[PDB]
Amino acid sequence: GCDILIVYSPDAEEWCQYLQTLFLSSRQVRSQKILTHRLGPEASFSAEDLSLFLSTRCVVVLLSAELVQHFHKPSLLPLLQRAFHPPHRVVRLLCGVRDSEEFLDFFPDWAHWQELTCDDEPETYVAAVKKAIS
């Protein structure tokens, strides 16, 4: 590991615990190292942390309102571009944020991520991180 990294902000806390339990329940990914990193506003990342961002095999981005606010911090954005790459390794879950063309200004390969919604079947969630680590 790290194999699967769930990046989220505190407003999407429960979505994060939901996916953890689902991923640990499922045969395709239960066996993998599944870590989480909560973004803001209490902190930036520790040495051992920003490591994980760059080192993980697959990233799952919980797209909440509080999370995209971090896309607007220029000290931080360049790290996120290098972390959320390459696009076939990135999954986003829309958490009360409508998808948009503006995101292409922050992440140029945005359109090539795997996208999930709040009303997707659980099998869809797991198939996406299965496809992303494989």
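Sequential numbering from 1, following the sequence displayed.
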Task: Stretch exceeding the other in mean C-alpha B-factor - 107 to 115, 20 to 28 - done: 20 to 28
Task: Member of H88, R92, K33, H70 with the greatest C-alpha B factor (per the PDB record) - done: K33
Open item on the list: Per the entry's Cα B factor values, which of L80, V97, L52, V60 stands out as the maximum?
Closed with: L52
Task: Entry-reported Cα temperature factor of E48, expressed as the chain third it lands in - done: highest
- [ ] Within this chain's modelled residues, let me know which third the CA B factor of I4 belongs to: lowest, middle or highest.
- [x] middle
TODO: Within this chain's modelled residues, let me know which third the CA B factor of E13 belongs to: lowest, middle or highest.
DONE: middle
Open item on the list: Please say which third, lowest, middle or highest, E66 falls into when its CA temperature factor is compared across its chain.
Closed with: lowest
